[PDB]
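Next up is one chain by itself, shown in structure tokens, the form deposited in one PDB entry.
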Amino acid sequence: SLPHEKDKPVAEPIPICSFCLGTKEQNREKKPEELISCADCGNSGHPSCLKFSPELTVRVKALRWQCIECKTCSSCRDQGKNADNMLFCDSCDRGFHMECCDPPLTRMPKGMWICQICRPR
């Protein structure tokens, strides 16, 4: 839904979970579960292996999602030095630097955090 998300093509997905080595036919419970695939690198994971909530699972499938290592800030479009401190939205899993949010954040939020895209919807 963001301009660069609609614009940028997506990598060929690798049909194996990077965490359990399972497939869409077998997760860690040996049950079927569709994979989520990174649009940048193509690596995949089961939502259960990613420890996603049901909301994250249903929302990221429709978005140009990036894995933990590919994730770039949705404002400044960079990974940055403090990439470890990039926040992940608890609704859409997009990443934001604290300084790149609106309003900018100086202290790490407690509890659930919803990004500026998801708060009005």
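What we label the rigid core is the largest C-alpha set whose atoms superpose within 1.5 Å from one form to the other. In case it trips you up, residue 1 is the first one in the sequence shown, and so on.
This protein has a second form, the form deposited in another entry, left out of what is shown; the following refers to that one.
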> Following superposition of the rigid core, which of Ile68, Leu63, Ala39, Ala83 is the only residue with a C-alpha displacement of 2 Å or more between the shown form and the other one?
Replying inline: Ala83
>> After a rigid core superposition, would you say the CA of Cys20 moves by 2 angstroms or more between the shown form and the other one, or not?
In response: no
> Your call: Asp40 and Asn82 CA atoms, closer or farther in the other entry versus the shown structure, by 3 Å or more?
Replying inline: closer
> Since the CA distance of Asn82 and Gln116 differs by 3 Å or more in the other entry, is it closer or farther than in the form displayed?
Replying inline: farther
